[PDB]
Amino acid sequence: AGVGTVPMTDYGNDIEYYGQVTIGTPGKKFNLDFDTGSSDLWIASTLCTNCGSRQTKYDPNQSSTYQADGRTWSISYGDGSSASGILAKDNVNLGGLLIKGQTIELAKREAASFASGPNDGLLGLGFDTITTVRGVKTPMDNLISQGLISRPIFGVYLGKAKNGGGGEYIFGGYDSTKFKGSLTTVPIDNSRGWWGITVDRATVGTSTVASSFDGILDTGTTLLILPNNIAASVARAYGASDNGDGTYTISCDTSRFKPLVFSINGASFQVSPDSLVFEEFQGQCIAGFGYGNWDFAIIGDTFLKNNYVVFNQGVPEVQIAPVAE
């Protein structure tokens, strides 16, 4: 693979994708979740007392470049999952790019959801303003300052499970074989530490199910989470019923459904009919969209697996285009 290219592995039904990263000297390989919704880099360590037995754990004793740090960390995510531990410093190899002296966060405790998960930790790709510890430079920050990438960008391709899954992140560049047509530039609002964009409107067929609303591009989230009114308006278009827990039950037969189209900065981007179904359990299908108590939308995987995105932390901005297939 090229310099800065990190092949991804699709877990389950497009639930989440993870890439391998090498940490320490000589170093171990860890499967990390690439999350644009957060900005901390944490991993399971041999100091953890409730971590999954299947997770690969970082061992300070086995790295000659390990450097102790007297600070502790604690993080709580939206989905209720959590973890805490101590800070440390060591080298991180990202797709051949060797970040020296990256601040890493070793877990001493983690929620059961992580212990049972397929990954060994998270690689946060959000902005520096939301790192849990003040003064910590994110991996992207260091790739830039150490001259490991000439442009402050990363191209993201998330494959659909029905197409062999897969995925690919490219730091410092992007891959045009993954998308069709021209890229559309969309300004980013990073005031809250996330990759926030404005969606002009959403339509299903000839019906405008939503006018302009704000959202954030979150690879760390599976579903397309919309504000209450917007979700209800969308659900009515597909005749889906509210499950009461923030999800919808939708017909498993999407052959008759029309795509959910997002108008962003003048161009059209969609969530194909097949992406409208997230999971099928015993003949029952859960919709690819849900709802929460937020004034903004959380644009997760469902959308990203349909559109290639080039994240530019420098401007900041993003470039989007329909995936090729």
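Numbering starts at 1 and follows the sequence shown.
- 262 to 270 and 39 to 47 differ in mean CA B-factor, and the higher of the two is recorded for 262 to 270.
- As recorded in the PDB entry, 76 to 84 is the stretch of 76 to 84 and 184 to 192 with the greater mean C-alpha temperature factor.
- The residue among 204, 140, 149, 115 whose C-alpha atom has the highest B-factor in the PDB entry is 115.
- Out of 284, 65, 31, 61, the entry records its largest CA B-factor for 284.
- When the CA B factors of the chain's modelled residues are split into thirds, the value for residue 27 lands in the highest one.
- Per-chain ranking of the deposited C-alpha B factor places residue 9 in the highest third.
- Compared with the other modelled residues of the chain, the Cα B-factor recorded for residue 313 ranks in the middle third.
- Annotation for residue 247: C-alpha temperature factor in the highest third relative to the rest of the modelled chain, per the entry.
- Ranked by C-alpha B-factor against the other modelled residues of its chain, residue 126 falls in the lowest third.
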